[PDB]
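What follows is the residue order along each chain.
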Amino acid sequence: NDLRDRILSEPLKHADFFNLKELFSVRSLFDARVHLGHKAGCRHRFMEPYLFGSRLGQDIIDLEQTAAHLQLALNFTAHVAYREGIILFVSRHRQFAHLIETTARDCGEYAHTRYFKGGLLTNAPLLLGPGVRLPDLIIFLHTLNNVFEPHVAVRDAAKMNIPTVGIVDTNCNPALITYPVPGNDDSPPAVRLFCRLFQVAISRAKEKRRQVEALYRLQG
Amino acid sequence: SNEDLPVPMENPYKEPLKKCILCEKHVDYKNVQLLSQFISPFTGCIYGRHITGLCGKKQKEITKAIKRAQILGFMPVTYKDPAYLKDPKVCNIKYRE
Amino acid sequence: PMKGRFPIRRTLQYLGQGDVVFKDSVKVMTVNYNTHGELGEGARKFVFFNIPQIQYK
Amino acid sequence: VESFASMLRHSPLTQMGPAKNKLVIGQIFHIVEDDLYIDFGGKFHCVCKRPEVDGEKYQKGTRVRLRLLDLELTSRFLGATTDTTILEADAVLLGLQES
Amino acid sequence: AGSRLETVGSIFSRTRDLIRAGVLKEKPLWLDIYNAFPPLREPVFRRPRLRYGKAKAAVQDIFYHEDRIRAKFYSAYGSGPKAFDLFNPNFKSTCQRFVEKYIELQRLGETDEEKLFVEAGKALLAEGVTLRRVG
Amino acid sequence: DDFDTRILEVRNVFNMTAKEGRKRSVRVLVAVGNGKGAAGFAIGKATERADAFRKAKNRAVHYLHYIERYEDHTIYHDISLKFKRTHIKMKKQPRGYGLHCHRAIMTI
Amino acid sequence: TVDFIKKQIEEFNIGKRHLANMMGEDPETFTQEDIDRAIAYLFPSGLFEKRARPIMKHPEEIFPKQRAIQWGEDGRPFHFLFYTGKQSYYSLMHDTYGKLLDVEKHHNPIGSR
RNA sequence: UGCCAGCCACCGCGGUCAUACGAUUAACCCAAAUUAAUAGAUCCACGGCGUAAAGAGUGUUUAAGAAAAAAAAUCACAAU
Ligand SMILES: [Mg+2]
Ligand SMILES: [Mg+2]
Ligand SMILES: [Mg+2]
Ligand SMILES: [Mg+2]
Ligand SMILES: [Mg+2]
Ligand SMILES: [Mg+2]
Ligand SMILES: [Mg+2]
Ligand SMILES: [Mg+2]
Ligand SMILES: [Mg+2]
Ligand SMILES: [Mg+2]
Ligand SMILES: [Mg+2]
Ligand SMILES: [Mg+2]
Ligand SMILES: [Mg+2]
Ligand SMILES: [Mg+2]
Ligand SMILES: [Zn+2]
């Protein structure tokens, strides 16, 4: 009992514990096109702070803020993975469907990229099974449905006390998402980037978990 | 102290504003050729903006000009003067297909 | 009270609380004040807050 | 360290300026029979139709010449709050990565 | 159970407080992690109100003096004969060269546009680029 | 076992069914709370009223608010709140002064 | 429900022997073909609907297939598509699409329905 | 007893199986008082005025008031 408390509480004292600082740069995000938004016409009203400014009608995210945010997001993701809990990626976006499953399957994490049945998280035990565990963390690579409303899962995760980490875009509404990352959802370099990053954070959390378990076993 | 920030200048790439075919021309009721250019040949109708494609002020100008040309009788009402049927055609109408 | 823009001054409490009492000699008091100027500014307030205190007492 | 603002100021997407009638280089990453989906790198891909000249020359991975019309396709419509996105940009096909 | 109210406050609020009332007997994971590293703003719900009247946005449009030059460049020659690449992070276009030459002839202390523009054009002529010269 | 429930409003509600003519539903609005500051309410509706009492119970545990109490009895400061054609106003009392309220609000 | 399948298959075999020994056949070469004749002669129901006639069959043909346990004893689900609510479908879909993609990278009326 | 005889402050009850009538039987609540009646105390709006009761058919001024700075530019042309 004592040493398990030790194993879980130890990583919280170190801001870097999974050492993700090196996993990207502002240059990196810059070549992954993250800094591009939609036309100023399609902008949401709640992106006004996260934006940098309008270049000839096209809006541009603040990459400094992107890094500050994404850091915290990835850190969070990791600390959940290490603590051995469910992670569910979600996107409706078609171009990237395959990626996101192919990503998630390799993380030992789950994706839901599909039509999203309505009562899914809200009414779990009826939909999924007689009693069931629910995603510990939900992670959106797009915040939208193909009809350009907010994906149900946002309202629902938020409804269920699940934390949420997702990429807001200039048109999207950030406000219900626990940890946002402002950034471009549309360009494939960007999706790929975010994919592989959450992938890696997961992998490192899992490895580090295994390790500290082995050390736990030598100490005993 | 950041010299690489953006400047609060006006838009340099700004496209010059479009012009009615008459912008700063002079519409007189005296040149019936000009006024004939904006009238339907068979009717003697006056084409609307959505055909002529003129500014507000130039449409209005043309219209009044025409009506003047009709009452003073430099120009007829119910048909385009034949002399001017063979002149350059400005408007976007396709009658004959 | 609801209407009025500084309704606290249509109270009874605000009226009792203002303190000036006048000597027995005072009979008339004449406030001449000015609408437009920065240098009028104080005087105006006096009319708007304090005059209704004064009178009550 | 580079400040983000600096990265922005010196980027090609900035240098290009207005989108109309720009001559751009692009790459074909996906194909449906007549239609070739071209990333020129901007944000959204544009779409094209395979020309009659040398049909089989344009394939997945091929590079292409584009005349960029609009960086993206958008307009506001009757009784709309936000404008409507096609999630594509408008471009024309010139020749294929003329080398 | 718990509290499904999406409007009331952040998940942090509801969860912390429902535990505080000892209704929720099991502290959830993300909770502790959250306490450790909270996000910038609490994830609280906001009606997305429309703007009326005189209210505009806070966005600053993005312009450089480089652009005030480029305007004139495109005003003369058009888009560069070399085309463009958005894949190559270091790409310099005909335009950018022109801007540089013009910056150096500005550091040469010439205030007249004709001189600046034309001589920069001569520098790029000496660099072997083809200037189409469209009216 | 800590949660008390009280029925706030039971009401007979009707509908128009092509088949049946009128169709009679019961809807009960019900609140729940443990006395320790967390509480909530829900609506529930069914043909047979017993069924509906049940429904509101269970649905109401799903929406709980934490209600912060000063020194564990009063509210913190006065609240004047207009909500949809109904105005609520509530003053914060000292200790000997028990619950002076609309009967519903007493219950809650 | 799996304990039911174990039990039922056991009792099915024990009753199989029991059937052969009374019907007087070698328990080894006894087939379903023989099972049918057997019951049909023992419990002769004239009935038109043929499912309501007596049956002794291997529980697998009797009972429907079941969906297996979808999560470990930790609560954690095995398949990554579980939260789609149809994993079975979208797995076929993921695989099919994968096959397609690989075909695209690699590539550079018999009475069949 | 059967839309009759009757009752109710409001909603209402009596048309054959009335806890609403009349009478029993139990209860309830007041109590040297109890009900009924009629007058009071109390009771609107510091709320409203598109659809609910309510912005006058229109302008200017008197009486009476309210007041930081900006507050006359032009017909896109059909006042009288
Ligand atoms: Mg009778
Ligand atoms: Mg009777
Ligand atoms: Mg009665
Ligand atoms: Mg009686
Ligand atoms: Mg008495
Ligand atoms: Mg009152
Ligand atoms: Mg109103
Ligand atoms: Mg009315
Ligand atoms: Mg009246
Ligand atoms: Mg009026
Ligand atoms: Mg009047
Ligand atoms: Mg009238
Ligand atoms: Mg006066
Ligand atoms: Mg004023
Ligand atoms: Zn004009």
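Residues numbered from 1 in each chain as written, not as in the entry; some residues may be left out. Chains lettered and ligands numbered in written order. Part of a larger assembly, values for the part shown. Heavy atoms only, no water.

- What the entry reports as its method is cryo-EM, with 3.60 Å given for the resolution.

### Re the sheet that holds strand 4 (residues 87–90) of chain A
Residue and element names in this part refer to chain A.
Thought 1: The parallel open sheet is built from five strands, whose spatial order is 5-4-6-7-8. Only two strands of the sheet have a single neighbouring strand rather than two, namely strand 5 (110–112) and strand 8 (179–182). Across the sheet, the axes of successive neighbouring strands diverge by a mean angle of 20°, strand direction being ignored.
Thought 2: Where strand 7 (residues 164–168) meets strand 8, four bridges bridge the pair, whose relative direction is parallel. Note that in strand 8 the partner of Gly166 across the bridge is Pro180. (Pairing = 2+ DSSP bridges. Helix = DSSP H or I, 4+ residues; strand = E, 2+ residues; numbered from the N terminus. Axes fitted to C-alpha atoms, helices over the stretch in contact; angles between N-to-C directions.)

### Considerations on the protein's contact with RNA strand H
Thought 1: Looking at RNA strand H, the residues that line it are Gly56(B), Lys57(B), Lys60(B), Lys64(B), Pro1(C), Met2(C), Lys3(C), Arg5(C), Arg10(C), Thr35(C) and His36(C).
Thought 2: The protein-proximal atoms of RNA strand H, defined as those within 4 Å of the protein, are 71% sugar or phosphate.
Thought 3: Take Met2(C): an N or O atom from its main chain is 3.4 Å from a sugar or linking oxygen of RNA strand H.
Thought 4: Here the surface near RNA strand H is built from residues that sort into two nonpolar, three polar and six charged. (Near = heavy atom within 4 Å. Polar contact = N/O pair within 3.5 Å; in protein donor to acceptor, adjacent residues only side chain to side chain. Nonpolar A, V, L, I, M, F, W, Y, C, P; charged D, E, K, R; others polar.)

### Examining the packing of aromatic side chains
Thought 1: A complete count under the given rule lists 26 aromatic pairs over all chains for this structure.
Thought 2: Consider the rings of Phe17(A) and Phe18(A), whose centres lie 5.1 Å apart with planes at 65°: the pair is edge-to-face.
Thought 3: With a relative accessible area of 16%, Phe17(A) lands in the buried category.
Thought 4: Judged by its relative accessible area of 6%, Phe18(A) falls in the buried class.
Thought 5: With centroids separated by 6.0 Å and ring planes inclined at 50°, the aromatic side chains of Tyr77(E) and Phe98(E) adopt a geometry described as tilted. Here the residue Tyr77(E) occupies a position in the loop between helix 3 (65–76) and helix 4 (94–106), and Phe98(E) occupies one in helix 4, the gap between them amounting to 21 residues. Across the pair, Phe98(E) and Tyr77(E) agree in class, each one buried.
Thought 6: Through pairs of rings, three or more aromatic residues link up here, namely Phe76(A), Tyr179(A), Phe12(E), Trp30(E) and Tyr34(E).
Thought 7: Over the aromatic face of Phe17(A) sits the side chain of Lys208(A), whose NZ or CZ is 5.4 Å from the ring centroid.
Thought 8: Here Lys22(D) stacks its cationic end above the ring of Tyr74(E), 3.1 Å away from the centre of that ring. (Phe/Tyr/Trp six-rings, centres within 6.5 Å; stacked < 30°, edge-to-face > 60°. Buried < 20%, exposed > 50% of the residue type's maximum accessible area, 1.4 Å probe, protein only. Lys NZ or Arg CZ within 6 Å of the ring centre and 35° of its normal.)

### A look at the pairing of strand 4 (residues 63–70) of chain D
Residue and element names in this part refer to chain D.
Thought 1: The pairing of strand 1 (residues 22–31) with strand 4 spans six bridges and is antiparallel. What sits directly across from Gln27, in strand 4, is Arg63.
Thought 2: Pairing geometry for strand 4 and strand 7 (residues 90–93), over four bridges, is antiparallel. Across the sheet, the residue bridging to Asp70 is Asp90, located in strand 7.

### Looking at the sheet that holds strand 3 (residues 46–49) of chain D
All names here are of chain D.
Thought 1: Spatially, the five strands line up as an open sheet ordered 3-2-1-4-7, and their pairing is antiparallel. Strands at the two margins of the open sheet, each flanked by one partner only, are strand 3 and strand 7. This sheet shows a mean twist of 50° between the axes of neighbouring strands, independent of strand direction.
Thought 2: Bridging between strand 1 and strand 2 (residues 35–39) involves four bridges; their strand directions are antiparallel. What sits directly across from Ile28, in strand 2, is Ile38.

### Some words on a positive patch on the surface
Residue and element names in this part refer to chain B.
Thought 1: Among the surface-exposed residues, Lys30, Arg49, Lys60, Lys64 and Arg68 lie close enough to one another that they form a single positively charged patch.
Thought 2: If one sorts the elements of the positive patch by residue count, helix 3 (residues 56–71) sits on top with three residues.
Thought 3: Position of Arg68 among the secondary structure elements: in helix 3. (Patch = residues over 30% accessible without salt bridge, like charges linked within 9 Å, V, L, I, M, F, W, Y side chains within 5 Å. Areas by Shrake-Rupley, 256 points an atom, 1.4 Å probe, with all protein chains shown as cover. Salt bridge = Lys/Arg side-chain N within 4 Å of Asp/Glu carboxyl O. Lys, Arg positive; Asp, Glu negative; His and termini not counted. Charge placed at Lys NZ, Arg CZ, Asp CG, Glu CD.)

### Some words on the packing of helix 3 of chain E against helix 4 of chain E
All names here are of chain E.
Thought 1: Remark: helix 3 packs on helix 4, axes separated minimally by 10 Å, with the N-to-C direction vectors making an angle of 120°. With respect to helix 4, the axis of helix 3 lies oblique. Crossing angle aside, the handedness with which helix 3 passes helix 4 is right-handed. Together, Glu66, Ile69, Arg70, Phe73 and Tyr74 of helix 3 and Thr94, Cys95, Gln96, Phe98, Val99 and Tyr102 of helix 4 make up the contact between the two elements.
Thought 2: Considered class by class, the residues forming the contact of helix 3 with helix 4 number seven nonpolar, two polar and two charged. (Parallel < 35°, antiparallel > 145°, perpendicular 65-115°, else oblique. Left-handed = near helix turned anticlockwise from the far one by under 90°. Contact = heavy atoms within 4.5 Å.)

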